[PDB]
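A.B. asks: Below: one structure in structure tokens.
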Amino acid sequence: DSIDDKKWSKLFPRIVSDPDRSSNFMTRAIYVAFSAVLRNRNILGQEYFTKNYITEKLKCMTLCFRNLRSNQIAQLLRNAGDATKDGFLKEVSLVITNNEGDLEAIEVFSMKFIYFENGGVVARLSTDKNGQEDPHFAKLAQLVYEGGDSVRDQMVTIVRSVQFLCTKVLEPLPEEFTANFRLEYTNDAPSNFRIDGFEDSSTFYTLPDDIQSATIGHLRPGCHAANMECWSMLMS
Amino acid sequence: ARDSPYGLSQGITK
């Protein structure tokens with residue numbers, strides 16, 4: 001059970017069935033997906049991205065480690081991704097607003113997470129706030145790890161969907177906007193736990209009532225699960 | 001130290 005793609009090996013682990021690499025793939029997952037989103041929505045210019053292979057089928061622009069700014073943003077997502085190791089990360093989302101730092105978003109690219117108790121089969125419960133089941137829970141809990149190649153296809157689906165939404169579906173962003181990364185901790189995460197680069201906040205983000213959405217794709221490595229969605233006012 | 005469930009990063013502004 002391994003991903004034998006020659007290109008895949010550079011950015012990703014060849015094996016995603018064990019806890020460490022399952023969590024590590026997620027970190028690499030966050031990095032690639034949000035790189036494509038930032039690039040294809042033209043939040044950042046080309047010069048912050050390095051052309052990379054995901055598979056022999058698909059290329060992608062990933063945040064450049066050799067540019068000052070893009071390296072900071074890559075580091076930011078790497079910290080968020082590392083929190084996946086102990087099940088401390090509920091959600092990371094690229095949040096676009098009119099002004100820094102509005103609560104209600106114009107557009108949001110969200111990755112939402114779920115962790116599994118042991119063997120990577122039974123899902124750890126993820127709740128409100130009020131005790132209510134999380135919106136992204138059911139869909140991800142029903143899933144079963146189907147091998148490394150299934151995960152490879154999921155990563156390809158996500159990046160291709162990201163490219164599709166920005167190229168064919170989404171209206172352009174305004175001349176003036178502010179885009180920042182906002183995350184949510186799991187309840188399991190202790191008070192002593194904080195993710196570098198992210199300020200503590202009592203507020204997250206909100207969406208207008210008339211918000212439209214689209215599913216970018218899901219991820220099911222051996223011991224983790226994620227769903228990526230696009231929320232925006234600029235569809236069609 | 002942290003009594004809040006949310007994290008905010010510095011952003012990119014155009």
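Here, A, B, ... name the chains of the structure tokens in the order displayed, residue numbers run from 1 inside each chain, and ligands are numbered from 1 in the same displayed order.
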Could you find all residues in chain B that DSSP calls strand (DSSP E or B) from the backbone, and write them as JSON, numbers by chain?
C.D. replies: {"B": [6, 7, 8, 9, 12, 13]}
A.B. asks: Could you save those same residues with N, CA and C atoms as a PDB file, in the first residue's frame?
C.D. replies:
```pdb
ATOM      1  N   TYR B   6     -10.229  30.282  18.527  1.00  0.00           N
ATOM      2  CA  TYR B   6      -9.931  30.757  17.177  1.00  0.00           C
ATOM      3  C   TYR B   6      -8.544  31.370  17.035  1.00  0.00           C
ATOM      4  N   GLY B   7      -7.972  31.215  15.846  1.00  0.00           N
ATOM      5  CA  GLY B   7      -6.664  31.761  15.541  1.00  0.00           C
ATOM      6  C   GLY B   7      -6.693  32.657  14.319  1.00  0.00           C
ATOM      7  N   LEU B   8      -6.141  33.859  14.452  1.00  0.00           N
ATOM      8  CA  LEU B   8      -6.097  34.804  13.342  1.00  0.00           C
ATOM      9  C   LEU B   8      -4.667  35.076  12.904  1.00  0.00           C
ATOM     10  N   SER B   9      -4.425  34.983  11.603  1.00  0.00           N
ATOM     11  CA  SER B   9      -3.111  35.287  11.057  1.00  0.00           C
ATOM     12  C   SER B   9      -3.085  36.683  10.450  1.00  0.00           C
ATOM     13  N   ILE B  12      -2.891  39.256   3.646  1.00  0.00           N
ATOM     14  CA  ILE B  12      -2.425  39.862   2.410  1.00  0.00           C
ATOM     15  C   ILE B  12      -3.479  40.846   1.922  1.00  0.00           C
ATOM     16  N   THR B  13      -3.081  42.096   1.724  1.00  0.00           N
ATOM     17  CA  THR B  13      -4.032  43.137   1.356  1.00  0.00           C
ATOM     18  C   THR B  13      -3.716  43.764   0.003  1.00  0.00           C
TER      19      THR B  13
END
```
A.B. asks: I'd like the neighbourhood of stretch 76-85 of chain A as a tab-separated table (two decimals) with N, CA, C and O atoms, in the first residue's frame, where a residue qualifies if any of its atoms comes within 10 Å (using only C-alpha atoms), though same-chain residues fewer than 3 positions away should be ignored.
C.D. replies:
```tsv
chain	number	residue	atom	x	y	z
A	19	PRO	N	-0.34	6.92	11.49
A	19	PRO	CA	-0.65	8.21	12.11
A	19	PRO	C	0.27	9.38	11.73
A	19	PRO	O	-0.24	10.43	11.34
A	20	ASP	N	1.58	9.20	11.84
A	20	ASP	CA	2.52	10.28	11.58
A	20	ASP	C	2.44	10.80	10.15
A	20	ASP	O	2.34	12.01	9.92
A	21	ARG	N	2.50	9.88	9.20
A	21	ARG	CA	2.47	10.25	7.79
A	21	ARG	C	1.09	10.68	7.34
A	21	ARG	O	0.94	11.46	6.41
A	22	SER	N	0.06	10.16	8.02
A	22	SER	CA	-1.30	10.58	7.76
A	22	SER	C	-1.47	12.05	8.13
A	22	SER	O	-2.09	12.82	7.41
A	23	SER	N	-0.90	12.41	9.27
A	23	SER	CA	-0.91	13.79	9.73
A	23	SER	C	0.02	14.65	8.88
A	23	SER	O	-0.27	15.81	8.60
A	24	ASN	N	1.15	14.08	8.48
A	24	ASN	CA	2.13	14.80	7.68
A	24	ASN	C	1.62	15.07	6.27
A	24	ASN	O	1.91	16.11	5.69
A	25	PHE	N	0.87	14.12	5.71
A	25	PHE	CA	0.26	14.33	4.40
A	25	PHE	C	-0.70	15.51	4.46
A	25	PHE	O	-0.75	16.32	3.54
A	26	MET	N	-1.46	15.59	5.55
A	26	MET	CA	-2.40	16.68	5.75
A	26	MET	C	-1.70	18.03	5.73
A	26	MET	O	-2.22	18.99	5.17
A	27	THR	N	-0.53	18.09	6.34
A	27	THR	CA	0.27	19.30	6.37
A	27	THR	C	0.69	19.68	4.95
A	27	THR	O	0.65	20.85	4.57
A	28	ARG	N	1.09	18.68	4.18
A	28	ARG	CA	1.44	18.88	2.78
A	28	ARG	C	0.19	19.16	1.95
A	28	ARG	O	0.25	19.88	0.95
A	29	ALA	N	-0.93	18.58	2.36
A	29	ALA	CA	-2.20	18.81	1.70
A	29	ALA	C	-2.62	20.27	1.79
A	29	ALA	O	-2.94	20.90	0.79
A	30	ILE	N	-2.60	20.80	3.01
A	30	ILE	CA	-2.91	22.19	3.28
A	30	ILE	C	-2.03	23.13	2.46
A	30	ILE	O	-2.50	24.11	1.90
A	31	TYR	N	-0.74	22.80	2.40
A	31	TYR	CA	0.24	23.61	1.69
A	31	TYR	C	-0.05	23.73	0.19
A	31	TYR	O	-0.04	24.83	-0.36
A	32	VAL	N	-0.30	22.60	-0.46
A	32	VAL	CA	-0.53	22.57	-1.90
A	32	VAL	C	-1.87	23.20	-2.29
A	32	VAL	O	-1.94	24.02	-3.21
A	34	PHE	N	-3.90	25.35	-0.66
A	34	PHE	CA	-4.00	26.79	-0.44
A	34	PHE	C	-3.02	27.56	-1.31
A	34	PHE	O	-3.23	28.73	-1.60
A	35	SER	N	-1.95	26.90	-1.74
A	35	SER	CA	-1.05	27.51	-2.71
A	35	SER	C	-1.80	27.72	-4.02
A	35	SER	O	-1.77	28.81	-4.59
A	70	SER	N	6.52	34.49	0.69
A	70	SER	CA	5.84	33.22	0.44
A	70	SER	C	6.31	32.17	1.43
A	70	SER	O	5.57	31.26	1.78
A	71	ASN	N	7.55	32.31	1.88
A	71	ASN	CA	8.10	31.41	2.88
A	71	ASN	C	7.45	31.60	4.24
A	71	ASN	O	7.28	30.65	5.00
A	72	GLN	N	7.08	32.84	4.53
A	72	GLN	CA	6.37	33.16	5.77
A	72	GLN	C	4.98	32.54	5.76
A	72	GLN	O	4.54	31.97	6.76
A	73	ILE	N	4.30	32.65	4.63
A	73	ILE	CA	2.96	32.09	4.48
A	73	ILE	C	3.01	30.57	4.48
A	73	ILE	O	2.13	29.92	5.04
A	88	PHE	N	-5.56	18.75	17.23
A	88	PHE	CA	-5.83	20.04	17.85
A	88	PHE	C	-6.40	21.06	16.86
A	88	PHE	O	-6.72	22.18	17.24
A	89	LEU	N	-6.53	20.66	15.61
A	89	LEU	CA	-6.96	21.58	14.57
A	89	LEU	C	-8.33	21.21	14.00
A	89	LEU	O	-8.48	20.20	13.32
A	90	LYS	N	-9.31	22.06	14.26
A	90	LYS	CA	-10.67	21.85	13.78
A	90	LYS	C	-10.83	22.29	12.34
A	90	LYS	O	-11.48	21.61	11.54
A	91	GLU	N	-10.23	23.43	12.00
A	91	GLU	CA	-10.39	24.02	10.67
A	91	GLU	C	-9.34	25.11	10.38
A	91	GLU	O	-9.04	25.93	11.24
A	92	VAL	N	-8.79	25.10	9.18
A	92	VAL	CA	-8.05	26.25	8.65
A	92	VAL	C	-8.79	26.75	7.43
A	92	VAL	O	-9.27	25.96	6.61
A	113	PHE	N	-11.50	19.52	9.60
A	113	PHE	CA	-10.83	18.27	9.94
A	113	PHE	C	-11.58	17.41	10.95
A	113	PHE	O	-12.48	17.87	11.64
A	114	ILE	N	-11.16	16.15	11.01
A	114	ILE	CA	-11.73	15.14	11.90
A	114	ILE	C	-10.67	14.10	12.22
A	114	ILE	O	-9.86	13.74	11.36
A	115	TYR	N	-10.65	13.62	13.46
A	115	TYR	CA	-9.64	12.67	13.89
A	115	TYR	C	-10.26	11.35	14.33
A	115	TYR	O	-11.41	11.30	14.74
A	181	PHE	N	-5.56	34.10	6.99
A	181	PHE	CA	-5.86	32.74	7.43
A	181	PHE	C	-6.44	32.75	8.84
A	181	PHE	O	-5.86	33.33	9.75
A	182	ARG	N	-7.60	32.11	9.00
A	182	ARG	CA	-8.25	32.00	10.29
A	182	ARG	C	-8.49	30.53	10.62
A	182	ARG	O	-8.97	29.78	9.77
A	183	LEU	N	-8.16	30.12	11.84
A	183	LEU	CA	-8.32	28.73	12.23
A	183	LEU	C	-9.16	28.55	13.49
A	183	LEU	O	-9.39	29.50	14.23
A	184	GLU	N	-9.61	27.32	13.71
A	184	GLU	CA	-10.34	26.97	14.92
A	184	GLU	C	-9.70	25.77	15.59
A	184	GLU	O	-9.38	24.78	14.94
A	185	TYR	N	-9.50	25.87	16.90
A	185	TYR	CA	-8.93	24.77	17.67
A	185	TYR	C	-10.01	23.76	18.00
A	185	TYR	O	-11.19	24.10	18.05
A	186	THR	N	-9.61	22.51	18.23
A	186	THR	CA	-10.51	21.51	18.77
A	186	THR	C	-10.60	21.71	20.28
A	186	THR	O	-9.74	22.35	20.88
A	189	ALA	N	-7.59	20.33	22.40
A	189	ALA	CA	-6.38	21.14	22.52
A	189	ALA	C	-6.35	21.88	23.85
A	189	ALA	O	-7.30	22.58	24.19
A	193	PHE	N	-1.64	25.20	24.56
A	193	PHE	CA	-1.39	24.99	23.14
A	193	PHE	C	-1.83	26.18	22.30
A	193	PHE	O	-2.99	26.58	22.32
A	194	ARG	N	-0.88	26.74	21.56
A	194	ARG	CA	-1.14	27.82	20.62
A	194	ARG	C	-0.34	27.56	19.35
A	194	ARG	O	0.77	27.04	19.41
A	195	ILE	N	-0.91	27.90	18.20
A	195	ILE	CA	-0.26	27.67	16.92
A	195	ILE	C	0.44	28.94	16.45
A	195	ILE	O	-0.20	29.99	16.32
A	196	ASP	N	1.74	28.84	16.21
A	196	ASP	CA	2.56	30.00	15.84
A	196	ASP	C	2.06	30.70	14.59
A	196	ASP	O	1.76	30.07	13.58
A	197	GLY	N	1.98	32.03	14.67
A	197	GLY	CA	1.53	32.84	13.55
A	197	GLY	C	0.07	33.23	13.65
A	197	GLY	O	-0.38	34.14	12.96
A	198	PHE	N	-0.66	32.55	14.52
A	198	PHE	CA	-2.09	32.81	14.68
A	198	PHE	C	-2.41	33.41	16.04
A	198	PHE	O	-2.17	32.79	17.08
A	223	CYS	N	-5.34	7.90	9.13
A	223	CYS	CA	-5.83	8.27	10.46
A	223	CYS	C	-6.41	9.69	10.54
A	223	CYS	O	-6.66	10.19	11.63
A	224	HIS	N	-6.62	10.32	9.39
A	224	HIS	CA	-7.19	11.67	9.38
A	224	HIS	C	-8.21	11.85	8.27
A	224	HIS	O	-8.30	11.04	7.35
B	7	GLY	N	-7.97	31.22	15.85
B	7	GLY	CA	-6.66	31.76	15.54
B	7	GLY	C	-6.69	32.66	14.32
B	7	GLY	O	-7.20	32.27	13.27
B	9	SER	N	-4.42	34.98	11.60
B	9	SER	CA	-3.11	35.29	11.06
B	9	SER	C	-3.09	36.68	10.45
B	9	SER	O	-4.13	37.25	10.13
B	10	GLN	N	-1.89	37.24	10.30
B	10	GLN	CA	-1.71	38.45	9.53
B	10	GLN	C	-1.97	38.12	8.07
B	10	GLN	O	-1.71	37.01	7.62
```
A.B. asks: For atom CA of residue A:161 and atom CA of residue A:211, determine how far apart the two atoms are, in Å to one decimal place.
C.D. replies: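 Value for the atom CA of residue A:161-atom CA of residue A:211 distance: 19.0 Å.
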A.B. asks: Atom CA of residue A:199 and atom CA of residue A:61, how far apart in Å?
C.D. replies: 27.6 Å
A.B. asks: Rank A:201, A:110, A:17, A:50 by their smallest atom-to-atom distance to residue B:2, using only C-alpha atoms, and report the top residue only.
C.D. replies: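 Closest to residue B:2, using only C-alpha atoms: A:201.
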